[PDB]
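[1] only geometry, no sequence info:
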């Protein structure tokens, strides 16, 4: 169906952008430098370039809902659905991903050499098959 649901989450002061491909459950995540509109759109545009996205479901905060993001999503032909943080219409799935992801990161932290490596293993655990 091409719907992705995204949010940022925080881990020890680092910012992690997370997406779930709604129809399959596939999880994507990347550490991003700052929680800002510019940094968020840069990371989203490249996800959009790599995957065939028809709709993006986000919260309504200034990092996901702003004129730059609006322009990118309109140029890319992506419908934008949004609502308050944690809302069940556009954020239910990724909220629960974020809770689970960060438990896995905690599990892998002592088993890895960096947060980025712990994140990769956490995402692999969520995607495991």
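    All right, it came through fine. Numbers count the residues shown, from 1 in each chain.
[2] from here on, contacts and neighbour counts on C-alpha atoms
    Will do.
[3] And for the top helix by length along the chain, what's in contact with it?
    As assigned by DSSP state H, the longest helix anywhere in the chain is helix 92-108. If you take C-alpha atoms under 8 Å, 6 or more residues apart in numbering as the criterion, helix 92-108 is touched by 5-7, 9, 11, 18-20, 22, 86, 115, 118-119, 121-123, 125-126.
[4] now the angle between helix 92-108 and the helix or strand just after that helix, please.
    Using DSSP states H and E, the helix or strand that follows helix 92-108 towards the C-terminus is helix 115-127. Interaxial angle, helix 115-127 versus helix 92-108 (axes from the mean of the first three to the mean of the last three C-alpha atoms, to 10 degrees): 120 degrees.
[5] got the end-to-end distance for stretch 81-95?
    15 Å (C-alpha to C-alpha, to the nearest Å).
[6] please renumber so the chain begins at 196
    In the new numbering, first residue 196, that becomes stretch 276-290.
[7] Centre of the chain to that stretch, how far?
    In this view, stretch 276-290 has its centroid 12 Å away from the chain centroid, taken as C-alpha atoms, centre = their mean, to the nearest Å.
[8] Now a PyMOL select for only the buried ones of the contacts of helix 287-303.
    Restricted to buried positions by 16 or more other C-alpha atoms under 10 Å, the PyMOL selection for these reads:
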select buried, resi 200+201+202+204+213+214+215+217+281+310+313+314+316+317+318+321
